[PDB]
Amino acid sequence: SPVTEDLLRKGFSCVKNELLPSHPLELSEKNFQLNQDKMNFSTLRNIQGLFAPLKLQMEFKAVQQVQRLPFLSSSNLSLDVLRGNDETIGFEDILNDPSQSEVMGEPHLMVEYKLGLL
Amino acid sequence: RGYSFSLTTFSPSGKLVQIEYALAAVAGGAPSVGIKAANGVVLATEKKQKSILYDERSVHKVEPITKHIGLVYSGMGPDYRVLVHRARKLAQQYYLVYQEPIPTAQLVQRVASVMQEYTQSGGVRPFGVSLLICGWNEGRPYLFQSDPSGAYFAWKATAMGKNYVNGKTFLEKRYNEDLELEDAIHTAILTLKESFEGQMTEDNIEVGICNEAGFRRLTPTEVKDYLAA
Amino acid sequence: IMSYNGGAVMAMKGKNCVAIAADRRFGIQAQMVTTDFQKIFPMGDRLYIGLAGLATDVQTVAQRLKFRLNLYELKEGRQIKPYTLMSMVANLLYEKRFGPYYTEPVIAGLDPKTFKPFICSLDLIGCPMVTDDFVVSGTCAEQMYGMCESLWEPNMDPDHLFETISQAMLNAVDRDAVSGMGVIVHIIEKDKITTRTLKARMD
Amino acid sequence: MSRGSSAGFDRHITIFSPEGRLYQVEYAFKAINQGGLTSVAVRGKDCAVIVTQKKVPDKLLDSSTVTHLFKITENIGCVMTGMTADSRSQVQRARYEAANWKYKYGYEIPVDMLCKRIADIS
Amino acid sequence: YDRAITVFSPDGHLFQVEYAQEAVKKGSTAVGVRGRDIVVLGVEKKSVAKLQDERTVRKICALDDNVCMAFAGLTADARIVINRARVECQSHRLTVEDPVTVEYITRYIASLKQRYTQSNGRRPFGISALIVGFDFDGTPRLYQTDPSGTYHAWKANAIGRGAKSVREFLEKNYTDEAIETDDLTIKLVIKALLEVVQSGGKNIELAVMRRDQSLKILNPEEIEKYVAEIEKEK
Amino acid sequence: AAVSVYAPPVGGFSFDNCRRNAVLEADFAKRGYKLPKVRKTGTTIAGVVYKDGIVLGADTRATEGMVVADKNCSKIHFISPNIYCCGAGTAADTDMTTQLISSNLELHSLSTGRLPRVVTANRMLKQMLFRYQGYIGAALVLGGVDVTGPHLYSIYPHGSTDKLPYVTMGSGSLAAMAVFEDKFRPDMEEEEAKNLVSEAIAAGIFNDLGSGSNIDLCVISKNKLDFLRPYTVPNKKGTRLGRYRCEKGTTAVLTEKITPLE
Amino acid sequence: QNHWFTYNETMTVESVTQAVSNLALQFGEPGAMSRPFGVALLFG
Amino acid sequence: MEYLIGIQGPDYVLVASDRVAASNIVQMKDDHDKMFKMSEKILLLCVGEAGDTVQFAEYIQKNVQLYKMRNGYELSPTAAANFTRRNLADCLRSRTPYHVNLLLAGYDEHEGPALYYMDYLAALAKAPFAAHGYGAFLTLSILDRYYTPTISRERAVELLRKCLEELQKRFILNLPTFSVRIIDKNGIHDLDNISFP
Amino acid sequence: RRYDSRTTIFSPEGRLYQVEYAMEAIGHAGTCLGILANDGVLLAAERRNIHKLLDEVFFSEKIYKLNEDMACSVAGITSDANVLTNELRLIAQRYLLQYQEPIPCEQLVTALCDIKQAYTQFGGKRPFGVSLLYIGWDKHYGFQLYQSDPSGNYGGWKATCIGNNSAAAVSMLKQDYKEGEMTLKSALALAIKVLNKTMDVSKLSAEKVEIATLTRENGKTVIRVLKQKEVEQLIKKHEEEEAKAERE
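A. Inspection of the overall build of chain F at higher detail. Each helix and strand counted, chain F has five helices and 10 strands in total. In summary, chain F has a C-alpha radius of gyration of 23 Å against a globular reference of 18 Å for 262 residues, an excess of more than 25%. Dimensions of chain F along its principal axes, counting C-alpha atoms only, are 70 × 65 × 55 Å. Counting only residues that meet the buried cut, chain F has 49% of its 262 residues in that class. Considering only contacts in chain F between residues 6 or more positions apart, those separated by 24 or more positions represent 58%. Within the structure as shown, chain F displays about 12900 Å² of accessible surface, and the carbon and sulfur contribution to it stands at 56%.

Here is the structure:
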């Protein structure tokens, strides 16, 4: 820890160091929105009841699947006022803005991966 | 018509029924007038809060952006505050990088794209709203109008809103360029007077200028002074 | 770490004239593999940039900056003001603040509208600062402030500016092992760009 | 959702009318009167009295757990009118939003911000 | 009972596949036949359009130095399939130092076609291929895909509109004598294609492939010369 | 475009250099080569709370080691119409981490129609700095008047906060804050406060190595915002005695190209 | 083949009919299918 | 370790090599062609850490044929270099502490030949004659001494022979025989191997 | 028929009806010329908005500029062209970042046609209504022009005309094109003649047309737009030539 049970499409990534975290501010930056949402969900589930996290997360799921196709930039106008970051500009949009992506994948491959078919 | 009821399908002539319906909806709203002059611009509109039960403060129409961009809606009330907040966020996002204020054109393009993004998708209605925005960059005044589908125009004397055809016809014979704000404000007041269903009062006009100082919004007593004059 | 390669760049503001100069050398520590390796990039027309440091990151940062500059120029219509590129490179460097690059860029150019000379500088991770008289950065940073401070003078014509930028480099860069063997001088006057190549000690 | 949107000019929220009116939200406006109540709030110059109405359907029901006047913050109230099953959720949502704002900015909220947040999330 | 791929009919007869086949049976024709050591892949151009340039619009695409390609139907889907096949061929060559056989790549294309028939949210690829090429052992090979999922190791079949007539003509003339030399195969395929087309030479393209000489299209002068030679019938 | 991409790119602080950086540093540490450095501008910052408003001030030297990189670098930024901050150490980080909060507060002020309150800035700065546990160091001195009254804060590079009536942070600060400890009295006047802070910053600038050149003050009184720069020049460079300018033809030349622009 | 690699023995026909039927049972609602497998097999 | 040199000229990009293997104290094979081929006009020399070299070269070689097969025409040496450098930098910094040296070649149809030198941190120069390995130290001066700016194809072989004789005489290791390939505007020509008895 | 409610269903005869209907959308836009000459590659346009209260904007409203040489012209629903032009600029710049050469035509036209088609296979999104016309130069194939399609059927056209009244304009262009020998001035005259032949015959003016060229000189491809006063004399010359028909 998985065995094999196309290398040109995905290659040149040794197994050595993905199970070896980089500079300690790695798991607190690669996964930040997920961790903040998890903490808020746990707090609400503990103090307010079991209805609020279920309702809010299923609202997230409902609003998530109306954006443009993955191979184009997503405006994400909605889901933002609902998340609570409506005006909380920070080190997430001014640095390496995804609109000007330096590298871009194939459309069919990206959409079929987003669907999870692969 | 079966080809209607869904914005993702083309009618067998070439059109989008939902987009035209939203355009008619935003046409059926509140009149608004914008005048571009050699010295500045003026945006004039009126509110439905006629009864004294309402308040002058709190809710307000012409919300400024940063210091040089000001807008006004002519559509659905609860359906442009999110858009305004997005516009302010975009202005600040541009301001952190490129340490110099947003020019108008880039903001217009970005807001038009974000508004259009809820047209091509499937399952969400388009925004019912159409808003003018005025800017002042490089010693020049800028005026633009946005459509529900999203197509900016370099308009000069648009009177879009309720009964906008009469406003356009009236304005097509008064504006002659090379004017200061003093005459432009009077022209806008006359255009609103042409179709108001009543007389203008001290608390029915929300004019806002964008001269080479910023986006000052005229105080109610100042509006009273101009209305009397 | 700015010793695995070499480099040194200046910038002097004269009288409606700005001058930028570099040193041509690329070698792996003691060894040397080539004599021609450009470190001056023609971004815009009357603007230039002066990357100097570890070369393998110089190339990458130059490519990314050129890409973003083309994007902004095409989208926004007209040319870029010299102050904007300052924040441009600041943002680009702070993009990887934790995984830092190795570049100490210098920007020198003219305003396309006012023709008022402008010179700035940057540190490793991006900290904007502007000096009126001159600025210098590179591997041999220590042995240039002394040469430049005395020889400088305000309100200099292009000829004296070229002489001063030549004298503050030609006999001030040879006092070091790495970063030698050739000097390129770029003089940017009001109407026409001009490039010159000096000759120095071949050691 | 594997049930689709019902076809019709007034059967779903995301379909515009031919003239451009949202009929579903108009039905929502008409829905408040279904429960049947009346609430009046008047502000003077130094007080903000709120009056409402209370109706007991029968005698067995207790008279202490049927109130329609909840509390949002330490010094903010509400006179929620309409279907109880939805006001009971908006009250919790407003309480959570108020707590979050107090945690993020460290002072009691002006009424306008709470109203705007509720309006946006509605 | 034909409004979704996932649904069936009271008798069976998955109908979206049949409709896709009907759509495929609307484009320009295509043929192909193997010989001793030769393969031809001639096609026919529906319209001249002298203003348009024949360089960009074409059907005989290259898939490898030993595998070529000719489709019929909607252009964009065929282009997507060819791109994916090129990528898969290169990936297989990278993962195993051995030039890819015809059967493997044609199976990959068939599987890619069949994958887009399992949910009523993705339409099937409506095209038909004529994969043909030389293996690593020297044996000439030819195949033919199908929109649904199938493929057969045909010999001298044809696709496109009006394919029954050309198929009958080919089956009524295919013999070991006609596949002995090189130019005999060209004569046979030209005689086959001359049926459906109005006038030969104007809008007929060929692609002669030899043993490890890579794909080589034919200029109009050689086509005219071959037609003139085949016009000596008595 | 590319043929080896699956997921859309995600913004934020990139980290695709540390793996190479660590091995390169290990290679270059034992070989006695040059080492990277940043502008660790250890500077004195002073602030006092007099009767009406607040007074701020800091020195204007920006070093990058043992060499004076700059002689004029503003240590006072802009956050709001009536809130100012100061930086200390690693100016690159402090510039961005103040500009971000300035923009956020501007958005809040635009959305509220009233002047911001200092406690909001304190809360946001504390939250951000504690979120980035260490690895970013910017000692700040946050001061500003609001609707309630004068305020002052002493944010640390780990998230600590205080509400002192006077504070001095930076590399060389003990001299200035000892001058404060000796001379300060409660409820002073405006000019006296300005003189006191000027004297403290002068003591700090003289009795230290990390500070030098000019000083400035940032009086932010209730109904008048002032920004004096520079305020006083304690040291003035002398004059060059002999002319050492080189004339035309002094330097040689090998090749030359002339290209005319428009 | 995976079972042979794991347990190091030969197959039993029931032990593979069960596996293939379990795979074919997934009709319904992830590369999951959406229609029943219109096929039939005679394992021998 | 190993040895790689390449001399430029008017219309050739002549490169040598060292057909040899490596192990602990043993020579596994005495003829191991290091010269991977890109196209009909491009070579790619590569010496580095074991395994990573043959993997990276294979990956970068089954990517240039894709461009030709997808666009009809062929890449240019400058594009090939600026692509190989980018791939090497992105992959090395990503997750792998590589150690590979490369020496591109090639002859386009507009500007003469082109020879590129690249270290293991993904730099890119355009030296007229470069070297790799350890023999670079002992042979680069010899290459520089006799290198007239213009060299005839006949004299290039003689210069290479002298430069290899000096290495074979003054080096610790036992490089027994070398390979020689010269590129012109006719494909990839080949020459008889250089073997020292 | 009933098989046109969603853009994922075929027809008994075999056809995608939704994309066929979307093909008619580009039939309600201004005409677009763009004949190809020996040296330059002229590109005319049309400005539908001819109202009296519109201020001028830079680079007209149709002709764009992609990276340094290639331009484009749009038609149909203009609300969906600002996204395509932006993404196409992005793909060109991304290719330049990858390989340090100017982009060829194919690696741009095919790249955009890929996305344009991909929105016609994942039902739930309406296809883009556009008829983008391309233009540019490279060093591999000289000067060439391409014309796109909402479904995606790009072909290397030498002279075409998208938009309304396309049939008559295309036919008369086919009947009056001097293939092989073609000059920039003669191409411009032919374009003016074609524009006068089409449209409602309003005699045209400087406030109804836009012209872009691609003269390549001095080893640096440039794109220039003719001035407002640079076409009035051209129209006058064409009118004089037309009136000089002699006859009796």
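B. Highlighting empty space enclosed by the protein. Approximately 410 Å³ is the volume attributed to the largest cavity. Residue lining of the largest cavity: 21 residues in total, with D86 and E87 of chain A together with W101, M113 and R117 of chain D positioned closest to the centre. When contributions to the lining of the largest cavity are tallied by element, the ones reaching two or more residues are helix 2 (84-105) and helix 3 (111-121) of chain D together with helix 2 (91-112) of chain F. Classifying every residue of the lining of the largest cavity gives eight nonpolar, six polar and seven charged.

C. Representation of the packing of aromatic side chains. Tallying each qualifying case throughout the model produces 44 aromatic pairs over all chains. Both rings, one in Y166 of chain F and one in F180 of chain F, keep their centres 6.3 Å apart while their planes meet at 25 degrees; by these two values the pair is stacked. With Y166 of chain F in strand 7 (residues 166-169) and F180 of chain F in helix 4 (residues 174-183), the pair connects residues that are 14 residues apart, well separated along the chain. With a relative accessible area of 0%, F180 of chain F lands in the buried category. For the pair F129 of chain H and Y147 of chain H, a centre-to-centre distance of 5.1 Å together with 45 degrees between the ring planes defines the contact as tilted. On the criterion of sequence distance, the pair formed by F129 of chain H in strand 7 (residues 129-131) and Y147 of chain H in the loop between helix 4 (135-146) and helix 5 (153-170) is long-range, its members being 18 residues apart. The class for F129 of chain H is buried, based on a relative accessible area of 10%. Overall, the relative accessible area of 18% leaves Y147 of chain H in the buried class. Chaining the aromatic ring pairs together yields one cluster made of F91 of chain A, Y94 and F98 of chain C together with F13, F15 and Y132 of chain F.

D. Molecular detail of the interface of chain B and chain C. Facing the seven residues of chain B at the interface are nine residues of chain C. Around 720 Å² of area is buried between chain B and chain C when both sides are counted, 56% of it from carbon and sulfur atoms. Per-residue buried area on chain B facing chain C is highest for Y98, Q99 and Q106 of chain B; these three make up 64% of the total on that side. Inspection of the chain B/chain C interface yields zero residue pairs in polar contact.

E. Representation of the pattern of salt bridges within the structure. Counted according to the given criterion, the structure contains 47 salt bridges over all chains. Taking the shortest distance from any N to any O, the salt bridge between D226 of chain F and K224 of chain F comes out at 3.8 Å. The exposure class of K224 of chain F is partly exposed, given its relative accessible area of 35%. For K37 of chain H, the salt bridge is made with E40 of chain H, and the minimal N-O distance between the two is 2.9 Å. We classify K37 of chain H as partly exposed; its relative accessible area is 39%. Within this structure, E102 of chain A together with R64, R68 and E95 of chain C form a network of salt bridges that share partners.

F. Representation of the sheet that holds strand 2 (residues 41-45) of chain B. Residues and elements named next belong to chain B. Taking strand neighbours across the sheet as the criterion, the three strands line up as 1-2-7 in an open arrangement whose pairing is antiparallel. This sheet does not close on itself; its edge strands, each paired only once, are strand 1 (32-36) and strand 7 (208-209). When strand 2 meets strand 7, the two strands line up antiparallel, connected through two bridges. When the sheet's bridge partners are listed, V42 is paired in strand 7 with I209. Across the face of the sheet, helix 5 (residues 181-194) comes into contact with strand 1, strand 2 and strand 7 while running at roughly 25 degrees to strand 2.

G. The arrangement of the environment of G167 of chain B in detail. With respect to the helices and strands, the residue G167 of chain B is situated in helix 4 (residues 164-171). Along the chain, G167 of chain B and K224 of chain B lie 57 residues apart, while their C-alpha atoms are 23 Å from each other.

H. Focus on the interface of chain F and chain C. Listed per partner, the contact involves 52 residues of chain F and 49 residues of chain C. In this assembly, chain F packs against chain C so that about 4600 Å² is buried in total across both faces, 57% of it on carbon and sulfur atoms. In terms of surface lost to chain C, no three residues of chain F exceed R39, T251 and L261 of chain F, which account for 13% of the buried area on that side. Taken together, the connections running from chain F to chain C amount to five salt bridges. In this structure, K248 of chain F engages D159 of chain C in a salt bridge whose closest nitrogen and oxygen atoms are separated by 3.7 Å. Connecting chain F to chain C are 20 residue pairs in polar contact. Elements with a contribution of two residues or more to the side of chain F that touches chain C: helix 1 (18-29), strand 4 (68-70), helix 2 and strand 10 (255-260) of chain F. Its residues placed into classes, the side of chain F that touches chain C shows 24 nonpolar, 10 polar and 18 charged.

I. Region of the structure containing the side chain of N137 of chain B. Assignment of secondary structure puts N137 of chain B in strand 5 (residues 131-137). Setting aside its immediate chain neighbours within four residues, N137 of chain B contacts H68, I102, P103, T104 and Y142 of chain B.

J. Highlighting the environment of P18 of chain D. Counting through the fold element by element, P18 of chain D comes out in the segment before helix 1 (23-35). When near neighbours in sequence (up to four residues on either side) are disregarded, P18 of chain D contacts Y21 of chain B together with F9 of chain D.

K. Broad picture of the arrangement of the chains. The top pair by number of contacts, from a total of 22 pairs of chains in contact, is chains C and F. Contact between chain C and chain D is absent, and the least distance between their C-alpha atoms amounts to 27 Å. Contact between chain G and chain I is absent, and the least distance between their C-alpha atoms amounts to 16 Å.

L. Structural context of the UniProt feature "active site" in chain F. All names here are of chain F. In the UniProt entry, the feature "active site" is given for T43. Looking at the secondary structure, you find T43 in the loop between helix 1 and strand 1 (45-49). You can call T43 buried: its relative accessible area is 1%. Excluding residues that lie within four positions of it along the chain, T43 makes contacts with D59, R61, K75, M169, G170 and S171. A distance of 3.4 Å separates the side chain of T43 from the backbone oxygen of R61, its partner in a polar contact.

M. Structural detail: the sheet that holds strand 3 (residues 47-49) of chain C. All names here are of chain C. Across the sheet, three strands lie side by side as 3-4-5; this open sheet has antiparallel pairing. What marks the edges here is a single partner per strand, and that holds for strand 3 and strand 5 (117-119). When strand polarity is set aside, the average angle formed by the axes of neighbouring strands in this sheet is 5 degrees. Two strands pair when backbone bridges link them, and strand 3 and strand 4 (residues 107-110) are joined in this way by three bridges, in the antiparallel orientation. The residue bridging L47 from the neighbouring strand is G109, located in strand 4.

The rules behind the values
Residues numbered from 1 in each chain as written, not as in the entry; some residues may be left out. Chains lettered and ligands numbered in written order. Part of a larger assembly, values for the part shown. Heavy atoms only, no water. Residues with missing side-chain atoms left out of burial classes, pairs and counts. Helix = DSSP H or I, 4+ residues; strand = E, 2+ residues; numbered from the N terminus. Rg over C-alpha atoms; globule rule 2.2 N^0.38 Å. Buried < 20%, exposed > 50% of the residue type's maximum accessible area, 1.4 Å probe, protein only. Contact = heavy atoms within 4.5 Å. Areas by Shrake-Rupley, 256 points an atom, 1.4 Å probe, with all protein chains shown as cover. 1 Å grid on protein atoms, 1.4 Å probe; cavity = no way out; pocket = protein on both sides within 12 Å on 5 of 7 lines; lining within 4 Å. Points joined across faces, edges and corners; volume = space filled by probe spheres on them. Nonpolar A, V, L, I, M, F, W, Y, C, P; charged D, E, K, R; others polar. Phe/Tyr/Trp six-rings, centres within 6.5 Å; stacked < 30°, edge-to-face > 60°. Buried area = accessible area lost by both parts, 1.4 Å probe. Polar contact = N/O pair within 3.5 Å; in protein donor to acceptor, adjacent residues only side chain to side chain. Salt bridge = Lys/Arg side-chain N within 4 Å of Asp/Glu carboxyl O. Pairing = 2+ DSSP bridges. Axes fitted to C-alpha atoms, helices over the stretch in contact; angles between N-to-C directions. UniProt positions renumbered as here; feature names shortened; annotations may be inferred.

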